[PDB]
>>> print(open('query_24.csv').read())   # CSV, C-alpha atoms and all ligand atoms
chain,number,residue,atom,x,y,z
A,4,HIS,CA,25.1,-7.4,62.1
A,5,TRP,CA,26.0,-4.1,63.7
A,6,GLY,CA,27.4,-1.4,61.5
A,7,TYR,CA,27.3,2.3,60.9
A,8,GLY,CA,24.3,2.5,58.7
A,9,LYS,CA,20.9,4.1,59.5
A,10,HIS,CA,19.4,0.7,60.5
A,11,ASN,CA,22.4,-0.9,62.4
A,12,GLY,CA,24.4,2.1,63.6
A,13,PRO,CA,25.4,3.3,67.0
A,14,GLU,CA,21.8,4.0,68.1
A,15,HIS,CA,20.9,0.4,67.6
A,16,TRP,CA,23.9,-1.2,69.3
A,17,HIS,CA,22.4,-1.4,72.7
A,18,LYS,CA,19.9,-4.0,71.6
A,19,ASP,CA,22.6,-6.6,71.1
A,20,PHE,CA,25.1,-5.1,73.4
A,21,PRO,CA,23.4,-3.5,76.5
A,22,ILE,CA,26.7,-2.4,77.8
A,23,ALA,CA,26.4,0.4,75.2
A,24,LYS,CA,24.5,2.3,77.9
A,25,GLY,CA,27.1,1.5,80.6
A,26,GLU,CA,29.0,3.6,83.1
A,27,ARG,CA,32.3,4.0,81.2
A,28,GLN,CA,31.5,4.1,77.5
A,29,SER,CA,33.7,5.6,74.8
A,30,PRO,CA,34.3,7.9,73.0
A,31,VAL,CA,33.6,11.1,75.0
A,32,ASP,CA,33.8,14.8,74.6
A,33,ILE,CA,37.0,16.1,76.1
A,34,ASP,CA,36.1,19.5,77.8
A,35,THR,CA,39.6,21.0,78.0
A,36,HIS,CA,38.6,23.5,80.7
A,37,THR,CA,37.3,20.7,83.0
A,38,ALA,CA,40.1,18.3,82.5
A,39,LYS,CA,42.5,18.6,85.4
A,40,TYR,CA,46.3,18.5,85.2
A,41,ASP,CA,47.5,15.4,87.2
A,42,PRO,CA,51.1,15.9,88.4
A,43,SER,CA,51.2,12.3,89.5
A,44,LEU,CA,51.0,11.1,85.9
A,45,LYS,CA,54.4,9.5,84.9
A,46,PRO,CA,55.7,10.4,81.4
A,47,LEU,CA,54.3,8.3,78.6
A,48,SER,CA,56.6,5.7,77.0
A,49,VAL,CA,56.1,4.7,73.4
A,50,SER,CA,58.7,2.1,72.3
A,51,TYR,CA,58.0,1.2,68.7
A,52,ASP,CA,61.6,0.8,67.6
A,53,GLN,CA,61.2,-3.0,67.3
A,54,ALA,CA,57.6,-3.0,66.0
A,55,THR,CA,56.8,-5.8,63.6
A,56,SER,CA,53.8,-5.1,61.3
A,57,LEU,CA,52.5,-8.1,59.4
A,58,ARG,CA,49.3,-7.5,57.5
A,59,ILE,CA,46.5,-5.0,56.7
A,60,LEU,CA,42.9,-6.1,56.7
A,61,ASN,CA,39.6,-4.6,55.7
A,62,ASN,CA,37.2,-6.2,58.3
A,63,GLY,CA,34.0,-4.5,57.2
A,64,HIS,CA,34.1,-1.6,59.7
A,65,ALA,CA,37.7,-0.3,59.3
A,66,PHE,CA,41.1,-1.5,58.1
A,67,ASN,CA,43.5,-2.9,60.7
A,68,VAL,CA,47.2,-2.9,60.4
A,69,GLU,CA,48.2,-5.9,62.5
A,70,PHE,CA,51.4,-6.5,64.4
A,71,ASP,CA,53.3,-9.5,65.8
A,72,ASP,CA,52.5,-9.3,69.5
A,73,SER,CA,53.9,-12.8,70.5
A,74,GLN,CA,56.9,-11.0,71.9
A,75,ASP,CA,57.6,-7.7,73.7
A,76,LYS,CA,58.5,-5.5,70.8
A,77,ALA,CA,56.2,-2.5,70.3
A,78,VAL,CA,55.0,-1.5,73.8
A,79,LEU,CA,53.3,1.3,75.5
A,80,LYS,CA,54.0,2.1,79.2
A,81,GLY,CA,54.1,4.9,81.7
A,82,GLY,CA,51.6,7.7,81.8
A,83,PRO,CA,48.5,6.4,83.8
A,84,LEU,CA,49.5,2.8,83.0
A,85,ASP,CA,50.8,0.2,85.4
A,86,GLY,CA,52.6,-2.5,83.6
A,87,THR,CA,53.4,-3.1,79.9
A,88,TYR,CA,50.9,-3.0,77.0
A,89,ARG,CA,51.8,-4.6,73.7
A,90,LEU,CA,50.7,-3.1,70.4
A,91,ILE,CA,48.4,-5.5,68.5
A,92,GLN,CA,46.9,-3.4,65.8
A,93,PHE,CA,46.0,0.1,64.7
A,94,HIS,CA,43.1,1.5,62.6
A,95,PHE,CA,41.3,4.7,62.0
A,96,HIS,CA,37.7,6.2,62.1
A,97,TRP,CA,36.9,8.8,59.5
A,98,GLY,CA,34.1,10.8,58.0
A,99,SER,CA,32.4,11.4,54.7
A,100,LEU,CA,33.6,15.1,55.0
A,101,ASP,CA,36.6,16.8,56.6
A,102,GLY,CA,34.2,18.3,59.3
A,103,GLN,CA,33.5,15.0,61.0
A,104,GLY,CA,35.1,11.5,61.5
A,105,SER,CA,36.7,11.5,64.9
A,106,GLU,CA,35.2,9.6,67.8
A,107,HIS,CA,36.5,11.7,70.7
A,108,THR,CA,35.8,15.4,70.4
A,109,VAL,CA,37.7,18.3,72.0
A,110,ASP,CA,35.3,21.0,73.3
A,111,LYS,CA,32.8,19.5,70.9
A,112,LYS,CA,35.2,19.9,67.9
A,113,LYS,CA,35.2,17.0,65.6
A,114,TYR,CA,38.4,16.1,63.6
A,115,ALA,CA,38.5,14.6,60.1
A,116,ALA,CA,39.6,11.3,61.5
A,117,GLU,CA,41.1,9.5,64.6
A,118,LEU,CA,43.9,6.9,64.7
A,119,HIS,CA,43.7,4.2,67.4
A,120,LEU,CA,46.8,2.2,68.4
A,121,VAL,CA,45.5,-0.7,70.4
A,122,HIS,CA,47.6,-2.4,73.1
A,123,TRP,CA,46.9,-5.2,75.6
A,124,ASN,CA,48.2,-5.7,79.1
A,125,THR,CA,50.8,-8.5,79.0
A,127,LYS,CA,49.9,-9.5,82.6
A,128,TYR,CA,46.7,-11.1,81.1
A,129,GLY,CA,48.6,-13.3,78.6
A,130,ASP,CA,46.6,-12.6,75.5
A,131,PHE,CA,44.3,-10.1,73.9
A,132,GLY,CA,41.2,-12.3,74.4
A,133,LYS,CA,41.7,-12.5,78.1
A,134,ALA,CA,42.7,-8.8,78.4
A,135,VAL,CA,39.5,-7.5,77.0
A,136,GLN,CA,37.7,-9.2,79.9
A,137,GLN,CA,39.6,-7.0,82.4
A,138,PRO,CA,39.0,-3.4,83.5
A,139,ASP,CA,42.6,-2.5,82.7
A,140,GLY,CA,43.1,-5.0,79.9
A,141,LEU,CA,43.7,-2.5,77.1
A,142,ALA,CA,45.4,0.8,76.5
A,143,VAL,CA,44.4,2.6,73.3
A,144,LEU,CA,46.5,5.6,72.1
A,145,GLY,CA,44.2,8.0,70.2
A,146,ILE,CA,45.6,10.6,67.7
A,147,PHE,CA,43.5,13.1,65.9
A,148,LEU,CA,43.9,13.8,62.2
A,149,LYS,CA,43.2,17.2,60.6
A,150,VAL,CA,43.4,17.9,56.8
A,151,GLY,CA,46.3,20.1,55.7
A,152,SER,CA,49.8,19.0,54.8
A,153,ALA,CA,50.4,15.3,53.9
A,154,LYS,CA,51.7,12.9,56.6
A,155,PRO,CA,54.7,11.1,54.9
A,156,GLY,CA,54.6,8.2,57.3
A,157,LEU,CA,51.0,7.5,56.3
A,158,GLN,CA,51.5,7.2,52.6
A,159,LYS,CA,52.4,3.5,52.7
A,160,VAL,CA,49.1,2.7,54.3
A,161,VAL,CA,47.2,5.0,51.7
A,162,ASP,CA,48.8,3.2,48.8
A,163,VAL,CA,48.0,-0.4,49.8
A,164,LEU,CA,44.2,0.4,50.3
A,165,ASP,CA,43.4,-0.4,46.7
A,166,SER,CA,44.4,-3.9,47.4
A,167,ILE,CA,42.0,-4.3,50.3
A,168,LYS,CA,39.0,-2.4,49.0
A,169,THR,CA,36.3,-4.7,50.3
A,170,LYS,CA,35.4,-6.6,53.5
A,171,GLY,CA,37.5,-9.7,54.1
A,172,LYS,CA,40.4,-8.7,51.9
A,173,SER,CA,43.9,-8.5,53.4
A,174,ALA,CA,47.4,-7.8,52.1
A,175,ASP,CA,50.9,-8.3,53.3
A,176,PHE,CA,52.0,-5.2,55.2
A,177,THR,CA,55.4,-5.9,56.7
A,178,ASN,CA,58.0,-3.4,57.8
A,179,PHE,CA,55.6,-0.5,58.4
A,180,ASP,CA,56.9,1.9,61.1
A,181,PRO,CA,54.1,3.3,63.3
A,182,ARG,CA,56.5,5.9,64.7
A,183,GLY,CA,55.8,7.8,61.5
A,184,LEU,CA,52.1,8.4,62.5
A,185,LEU,CA,53.0,10.2,65.8
A,186,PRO,CA,52.8,13.9,66.4
A,187,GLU,CA,55.7,15.8,67.9
A,188,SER,CA,54.3,16.1,71.4
A,189,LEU,CA,53.1,13.3,73.6
A,190,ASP,CA,51.0,15.6,75.9
A,191,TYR,CA,47.7,13.8,76.5
A,192,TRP,CA,44.3,13.4,78.2
A,193,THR,CA,43.4,10.1,79.9
A,194,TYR,CA,40.2,8.5,81.2
A,195,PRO,CA,38.7,5.0,81.8
A,196,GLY,CA,36.5,3.8,79.0
A,197,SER,CA,35.6,1.1,76.5
A,198,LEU,CA,36.0,-0.3,73.0
A,199,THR,CA,34.1,2.2,70.7
A,200,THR,CA,32.8,-0.7,68.6
A,201,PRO,CA,30.7,-3.7,69.7
A,202,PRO,CA,31.2,-5.6,72.0
A,203,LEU,CA,31.8,-2.2,73.6
A,204,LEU,CA,33.7,-3.9,76.5
A,205,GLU,CA,34.7,-1.6,79.4
A,206,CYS,CA,38.3,-2.6,79.3
A,207,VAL,CA,40.2,0.4,78.1
A,208,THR,CA,42.4,3.1,79.5
A,209,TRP,CA,42.2,5.8,76.9
A,210,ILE,CA,45.2,8.0,76.3
A,211,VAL,CA,44.3,10.7,73.7
A,212,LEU,CA,47.0,13.0,72.4
A,213,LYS,CA,46.5,16.7,72.4
A,214,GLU,CA,48.5,17.4,69.2
A,215,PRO,CA,46.8,16.2,66.0
A,216,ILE,CA,48.8,15.0,63.0
A,217,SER,CA,48.1,16.6,59.6
A,218,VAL,CA,47.2,14.4,56.6
A,219,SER,CA,46.4,15.6,53.1
A,220,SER,CA,43.0,15.9,51.5
A,221,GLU,CA,44.2,13.2,48.9
A,222,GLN,CA,45.2,10.9,51.8
A,223,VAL,CA,41.9,11.0,53.5
A,224,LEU,CA,40.1,11.0,50.2
A,225,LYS,CA,41.6,7.5,49.6
A,226,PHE,CA,40.2,6.2,52.9
A,227,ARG,CA,36.7,7.2,51.7
A,228,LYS,CA,37.1,4.9,48.7
A,229,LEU,CA,37.2,1.8,50.8
A,230,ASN,CA,34.0,-0.4,51.1
A,231,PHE,CA,32.0,-1.7,54.0
A,232,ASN,CA,30.6,-4.4,51.7
A,233,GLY,CA,32.4,-7.5,50.4
A,234,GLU,CA,33.4,-8.1,46.8
A,235,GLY,CA,30.5,-8.7,44.4
A,236,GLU,CA,28.0,-6.8,46.7
A,237,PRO,CA,26.3,-3.3,46.2
A,238,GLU,CA,28.9,-0.7,46.9
A,239,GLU,CA,28.7,1.0,50.4
A,240,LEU,CA,31.5,3.4,50.8
A,241,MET,CA,33.4,3.0,54.1
A,242,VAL,CA,32.8,6.5,55.6
A,243,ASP,CA,31.5,7.8,58.9
A,244,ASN,CA,32.6,4.7,60.7
A,245,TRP,CA,32.7,6.6,64.0
A,246,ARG,CA,30.6,6.3,67.2
A,247,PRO,CA,29.5,9.6,68.6
A,248,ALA,CA,30.5,10.9,72.0
A,249,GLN,CA,28.8,9.1,75.0
A,250,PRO,CA,27.8,10.4,78.5
A,251,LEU,CA,30.9,11.0,80.7
A,252,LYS,CA,28.9,9.9,83.8
A,253,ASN,CA,31.0,9.4,86.9
A,254,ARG,CA,34.4,10.0,85.3
A,255,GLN,CA,37.2,12.6,85.3
A,256,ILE,CA,39.4,13.2,82.4
A,257,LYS,CA,43.0,14.0,83.5
A,258,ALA,CA,45.6,16.0,81.6
A,259,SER,CA,49.3,15.3,81.5
A,260,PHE,CA,50.1,18.9,80.8
A,261,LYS,CA,49.9,22.4,82.2
U,1,LIG,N1,37.9,1.6,68.4
U,1,LIG,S1,38.7,0.8,69.6
U,1,LIG,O1,38.0,1.0,70.8
U,1,LIG,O2,40.1,1.3,69.5
U,1,LIG,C1,38.8,-0.9,69.1
U,1,LIG,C2,39.5,-1.7,69.9
U,1,LIG,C3,39.6,-3.1,69.7
U,1,LIG,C4,38.8,-3.6,68.7
U,1,LIG,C5,38.7,-5.1,68.4
U,1,LIG,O3,39.8,-5.6,68.5
U,1,LIG,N2,37.5,-5.7,68.3
U,1,LIG,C6,36.2,-5.1,68.3
U,1,LIG,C7,35.5,-5.2,66.9
U,1,LIG,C8,35.8,-6.6,66.3
U,1,LIG,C9,35.1,-6.9,65.1
U,1,LIG,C10,35.4,-8.1,64.4
U,1,LIG,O4,34.8,-8.4,63.2
U,1,LIG,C11,36.3,-9.0,64.9
U,1,LIG,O5,36.7,-10.0,64.1
U,1,LIG,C12,37.0,-8.6,66.1
U,1,LIG,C13,36.7,-7.4,66.8
U,1,LIG,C14,37.5,-7.2,68.0
U,1,LIG,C15,37.0,-7.8,69.3
U,1,LIG,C16,36.0,-8.8,69.2
U,1,LIG,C17,35.4,-9.4,70.3
U,1,LIG,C18,35.8,-9.0,71.6
U,1,LIG,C19,36.8,-8.0,71.7
U,1,LIG,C20,37.3,-7.4,70.6
U,1,LIG,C21,38.1,-2.7,67.8
U,1,LIG,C22,38.0,-1.4,68.1
U,2,ZN,ZN,38.9,2.7,67.1
>>> encode(input="query_24.csv", output="structure tokens")
Amino acid sequence: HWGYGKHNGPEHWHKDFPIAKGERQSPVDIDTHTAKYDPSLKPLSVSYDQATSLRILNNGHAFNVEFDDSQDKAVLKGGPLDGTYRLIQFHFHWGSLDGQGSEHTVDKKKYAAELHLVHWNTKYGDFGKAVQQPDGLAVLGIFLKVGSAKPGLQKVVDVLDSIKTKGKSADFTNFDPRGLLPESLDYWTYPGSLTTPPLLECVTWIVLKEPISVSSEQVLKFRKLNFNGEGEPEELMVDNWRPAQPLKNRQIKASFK
């Protein structure tokens, strides 16, 4: 029954998921002055040319655009990663206002939203097994700021009306996730966790330095989605982000400078 409301939000999650107060929780604040350039980091490899999107789903806490991951098509490798990670889905976290919405922060700055492209390590066979491993997932995070529209995001924005409430899904084939990437692949990386329950500590986070720009109309449409299901009191899907967690015994490494 976890959610983002006053009575079931992030501050309550620890009661059902004690790992919420663990040693490598996400998101975190990225202190750009403390992050250290790591020359041993190999270049990041995002191969989405053969990506196969299938459906978009409103699951009550965000909307996921799901991909066919039964074959090695859209994969992430290189950077801090050893092995190949297959793209399974992407979703966003956003706010009720342009001044908040991202999960990670940069020098405490909050962006209007944050895109997460979730990938699982093929050496574990499937996603369910991968989430039980410390290096099971790789999530590529991309910040969104409000300004000019993102052409590549419009197809997602226009299908949202068809999945307004929890449990609704719609066919979403042939969507190219390459259209959601910034120009530069410079990034920060650190070991962490899923940012939603079960908050498993199975993620290598790779967060891009360069935000993409989306228009006020694009994010405005995100804020029209609902957390509730059809026929229930309307709860707008906004502020579905978890705040920054203690960094603890971790170092954030930079791929640049
Ligand atoms: N924000 S994030 O760290 O990038 C992230 C990653 C994966 C997942 C995910 O795949 N989850 C967690 C939430 C969730 C909620 C459901 O209703 C559900 O049907 C599945 C999930 C999955 C999940 C569930 C159990 C164990 C691991 C993942 C969600 C968010
Ligand atoms: Zn996420």
>>> closest_atom_pairs(input="query_24.csv", of="chain A", to="ligand LIG 1 (chain U)", cutoff="7 Å", atoms="all atoms listed in the file", output="tab-separated table")
residue	atom	partner	partner_atom	distance
A:62	CA	U:LIG1	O4	5.9
A:119	CA	U:LIG1	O2	5.1
A:120	CA	U:LIG1	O2	6.8
A:121	CA	U:LIG1	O2	5.8
A:132	CA	U:LIG1	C19	6.7
A:135	CA	U:LIG1	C19	6.0
A:143	CA	U:LIG1	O2	5.9
A:197	CA	U:LIG1	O1	6.2
A:198	CA	U:LIG1	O1	3.2
A:199	CA	U:LIG1	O1	4.1
A:200	CA	U:LIG1	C22	5.3
A:201	CA	U:LIG1	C7	5.8
A:202	CA	U:LIG1	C18	5.7
>>> residues_around(input="query_24.csv", residues="residue 84 of chain A", least_positions_apart="6", cutoff="9 Å", atoms="all atoms listed in the file", output="VMD selection string")
chain A and resid 44 to 45 47 139 142 208
>>> atom_distance(input="query_24.csv", atom1="atom CA of residue 80 of chain A", atom2="atom CA of residue 49 of chain A")
6.7 Å
>>> residues_near_point(input="query_24.csv", point="(33.8, 10.2, 59.7)", cutoff="8 Å", atoms="all atoms listed in the file", output="number ranges by chain")
A: 96-101, 103-105, 115-116, 242-245
>>> atom_distance(input="query_24.csv", atom1="atom CA of residue 163 of chain A", atom2="atom CA of residue 212 of chain A")
26.3 Å
>>> residues_around(input="query_24.csv", residues="residue 110 of chain A", least_positions_apart="6", cutoff="8 Å", atoms="only C-alpha atoms", output="ChimeraX atom specification")
/A:32-35
>>> write_last_selection(input="query_24.csv", atoms="C-alpha atoms", output="mmCIF file, keeping the file's coordinate frame")
data_model
loop_
_atom_site.group_PDB
_atom_site.id
_atom_site.type_symbol
_atom_site.label_atom_id
_atom_site.label_comp_id
_atom_site.auth_asym_id
_atom_site.auth_seq_id
_atom_site.Cartn_x
_atom_site.Cartn_y
_atom_site.Cartn_z
ATOM 1 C CA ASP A 32 33.800 14.800 74.600
ATOM 2 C CA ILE A 33 37.000 16.100 76.100
ATOM 3 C CA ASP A 34 36.100 19.500 77.800
ATOM 4 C CA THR A 35 39.600 21.000 78.000
#
>>> decode(input="query_24.csv", residues="segment 92-110 of chain A", atoms="N, CA and C atoms", output="CSV table (one decimal), in the first residue's frame")
chain,number,residue,atom,x,y,z
A,92,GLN,N,12.6,-1.4,-19.4
A,92,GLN,CA,11.5,-0.4,-19.3
A,92,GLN,C,12.1,1.0,-19.0
A,93,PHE,N,11.4,2.1,-19.3
A,93,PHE,CA,11.8,3.4,-18.8
A,93,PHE,C,10.5,4.0,-18.2
A,94,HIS,N,10.7,5.0,-17.3
A,94,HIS,CA,9.6,5.7,-16.7
A,94,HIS,C,10.3,7.0,-16.2
A,95,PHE,N,9.4,7.9,-15.7
A,95,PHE,CA,9.8,9.2,-15.1
A,95,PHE,C,9.3,9.4,-13.7
A,96,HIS,N,9.9,10.4,-13.0
A,96,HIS,CA,9.5,10.9,-11.7
A,96,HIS,C,9.3,12.4,-12.0
A,97,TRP,N,8.2,13.0,-11.5
A,97,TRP,CA,8.1,14.4,-11.8
A,97,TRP,C,7.3,15.1,-10.6
A,98,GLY,N,7.3,16.4,-10.7
A,98,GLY,CA,6.7,17.2,-9.6
A,98,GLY,C,5.4,17.8,-9.9
A,99,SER,N,4.9,18.5,-8.9
A,99,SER,CA,3.6,19.2,-9.1
A,99,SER,C,4.0,20.6,-9.6
A,100,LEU,N,5.2,21.0,-9.6
A,100,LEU,CA,5.7,22.3,-10.0
A,100,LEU,C,7.1,22.1,-10.7
A,101,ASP,N,7.5,23.0,-11.6
A,101,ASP,CA,8.7,22.8,-12.3
A,101,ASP,C,9.9,22.8,-11.3
A,102,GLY,N,9.8,23.4,-10.1
A,102,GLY,CA,10.9,23.5,-9.2
A,102,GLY,C,11.3,22.2,-8.4
A,103,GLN,N,10.5,21.1,-8.7
A,103,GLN,CA,10.8,19.9,-8.0
A,103,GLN,C,10.3,18.7,-8.9
A,104,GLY,N,10.7,17.5,-8.6
A,104,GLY,CA,10.3,16.4,-9.4
A,104,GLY,C,11.4,15.3,-9.5
A,105,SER,N,12.7,15.8,-9.6
A,105,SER,CA,13.7,14.8,-9.8
A,105,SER,C,14.0,14.1,-8.5
A,106,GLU,N,14.6,12.9,-8.6
A,106,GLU,CA,15.0,12.1,-7.4
A,106,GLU,C,16.4,12.4,-7.1
A,107,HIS,N,17.3,12.3,-8.0
A,107,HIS,CA,18.7,12.7,-7.7
A,107,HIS,C,18.7,14.3,-7.7
A,108,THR,N,19.6,14.9,-7.0
A,108,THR,CA,19.7,16.3,-7.1
A,108,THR,C,21.2,16.6,-7.4
A,109,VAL,N,21.5,17.8,-7.9
A,109,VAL,CA,22.9,18.2,-8.2
A,109,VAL,C,23.2,19.4,-7.4
A,110,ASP,N,24.1,19.3,-6.4
A,110,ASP,CA,24.4,20.4,-5.5
A,110,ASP,C,23.1,20.9,-5.0
